[PDB]
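Reading the structure
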Amino acid sequence: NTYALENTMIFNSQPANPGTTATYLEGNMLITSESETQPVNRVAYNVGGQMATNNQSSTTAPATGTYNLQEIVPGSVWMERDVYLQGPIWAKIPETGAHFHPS
Amino acid sequence: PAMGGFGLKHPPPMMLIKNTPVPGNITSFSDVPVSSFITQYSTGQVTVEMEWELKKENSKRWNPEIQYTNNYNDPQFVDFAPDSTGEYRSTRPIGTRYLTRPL
Amino acid sequence: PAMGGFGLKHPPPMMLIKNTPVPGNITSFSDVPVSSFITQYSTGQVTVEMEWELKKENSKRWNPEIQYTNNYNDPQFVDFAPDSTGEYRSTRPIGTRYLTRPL
């Protein structure tokens, strides 16, 4: 029942009036899950992994540290986000002259 | 490239020029190589011709744009011109981005 | 002409439009002309297409020239655009002479 809320598409079952400032509880909302991609996609709430932070010596024991973010590395594989019947088909790529992987 | 410009797998090639060694008077045979030469220098003219492809603006912006202009208050010299001694003056750096486009 | 522009012996011609008189109810004959009419107005769309011939610059001047630019310090509005009420703003008069030629 743990969800990373800022990584999820949230939708309303019914259309809303413009400018509404009303609070909405979970029962009103439609909340998506990406659990099918878990065999290749890391979990957002958890830490990514650990790396070496020191040099070992007869005087000094070896040490590691956890990381909260990592970016693309060679040999990287992942799955893109799923489409929904309520969701959008397309987006325009912005014209800057430079981009990476345009999904 | 980080400095700017176009990155090329096969760049315009290195062009190398040298003055041919001309020997000083030698009267006897030696296996050891000659180290005595007449002193010489060379002079000439070089021409370079380059072709460039241009992409045209297709803007629908109603209002007037920013442009590079020759604009100086009370000038004592003309910029991009020779001075009284004959030395060229280049006070300002010039970039390429004055036109605007929507994202 | 003193105001400016092109002086023409045979200028583009005068175009004249009127609403046809439509009479109010008349029940009796008179030699005197009718002065009673139904009140009416007209509306529509007009299109004008013009062709212009251009003369190209052929300058040999090495240094950079003066140009018209959009240049404002701390602007509170965009010039040549509508305002919050919808009224068009045109703060500056614009002439044609920015390029330079030798006598």
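Check the entry above for the structure.
A few points on the structure. (Residues numbered from 1 in each chain as written, not as in the entry; some residues may be left out. Chains lettered and ligands numbered in written order. Part of a larger assembly, values for the part shown. Heavy atoms only, no water.)

Quick word on the overall build of chain A
When helices and strands are counted, chain A shows zero helices and four strands. Written out in order from the N terminus, the α and β elements of chain A read β-β-β-β. Its C-alpha atoms give chain A a radius of gyration of 21 Å, more than 25% over the compact-globule value 13 Å for 103 residues. With the C-alpha coordinates aligned to their principal axes, the bounding extent of chain A is approximately 70 × 40 × 30 Å. Across the 103 residues that make up chain A, the buried fraction comes to 5%. Of all intrachain contacts in chain A linking residues separated by at least 6 positions in sequence, the fraction that spans at least 24 positions is 35%. (Helix = DSSP H or I, 4+ residues; strand = E, 2+ residues; numbered from the N terminus. Rg over C-alpha atoms; globule rule 2.2 N^0.38 Å. Buried < 20%, exposed > 50% of the residue type's maximum accessible area, 1.4 Å probe, protein only. Contact = heavy atoms within 4.5 Å.)

Quick look at the overall build of chain B
In terms of helices and strands, chain B carries zero helices and zero strands. Relative to the compact-globule value of 13 Å for 103 residues, chain B shows a C-alpha radius of gyration of 27 Å, a clear excess of over 25%. Across its three principal axes, chain B shows a C-alpha extent of roughly 85 × 45 × 25 Å. Within chain B, buried positions represent 8% of all 103 residues. Sequence-distant contacts, at least 24 apart, represent 26% of the contacts inside chain B between residues at least 6 apart. Accessible surface for chain B amounts to roughly 11200 Å². Of this, 56% is attributable to carbon and sulfur atoms. (Areas by Shrake-Rupley, 256 points an atom, 1.4 Å probe, with all protein chains shown as cover.)

Quick look at the interface of chain C and chain B
Bring the parts together and some accessible area is lost; that lost area is often taken as the interface size. At the junction of the two partners, chain C supplies 14 residues and chain B supplies 14 residues. Both sides together, the interface formed by chain C and chain B hides about 1100 Å², and carbon and sulfur atoms give 54% of it. When the area that chain C buries against chain B is broken down by residue, the three leading residues are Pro64(C), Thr69(C) and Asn70(C), summing to 38%. Counting every contact that joins chain C to chain B gives zero salt bridges. Our enumeration of links across chain C and chain B arrives at six residue pairs in polar contact. A class-by-class count of the residues in the side of chain C that touches chain B yields seven nonpolar, four polar and three charged. (Buried area = accessible area lost by both parts, 1.4 Å probe. Salt bridge = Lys/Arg side-chain N within 4 Å of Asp/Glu carboxyl O. Polar contact = N/O pair within 3.5 Å; in protein donor to acceptor, adjacent residues only side chain to side chain. Nonpolar A, V, L, I, M, F, W, Y, C, P; charged D, E, K, R; others polar.)

A word on the relation of the copies chain C and chain B
Structural alignment of chain C on chain B gives an RMSD of 0.0 Å, achieved by rotating through 180° and translating 0.0 Å along the axis. The symmetry that links the two subunits is that of a two-fold axis. Considering only C-alpha atoms, the part of chain C nearest the rotation axis is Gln67(C), at 3.5 Å. Interface overlap between copies is the fraction of interface residues in one copy that are interface residues in the other; for chain C against chain B it reaches 100%, indicating a shared surface. (Least-squares fit on C-alpha atoms.)

Digging into the packing of aromatic side chains
Residues and elements named next belong to chain B. Scanning the entire structure with this criterion turns up two aromatic pairs over all chains. Between the aromatic rings of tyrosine 68 and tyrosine 98, the centroid separation amounts to 6.2 Å while the plane-to-plane angle is 70°, which identifies the pairing as edge-to-face. Geometry around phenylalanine 77 places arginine 89 over its ring, the cationic atom sitting 4.1 Å from the centre. (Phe/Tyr/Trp six-rings, centres within 6.5 Å; stacked < 30°, edge-to-face > 60°. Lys NZ or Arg CZ within 6 Å of the ring centre and 35° of its normal.)

So, the arrangement of the chains
Where the two pairs of chains in contact are concerned, the greatest contact count is recorded for chains B and C. Spatially, chain A is disjoint from chain C: no contact exists, and the shortest C-alpha separation is 22 Å.

A look at unusual backbone geometry
With a phi close to 45°, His101(A) is a non-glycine residue in the positive phi region. Relative to the helices and strands, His101(A) resides in the segment after β4 (64-67). The phi angle at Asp74(C) is positive, at roughly 55°, despite the residue not being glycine.

A closer look at the pattern of salt bridges
Inspection of every chain in the model, using the stated rule, returns one salt bridge over all chains. Two residues, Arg101(B) and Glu95(A), come together in a salt bridge whose shortest N-O distance is 3.8 Å.

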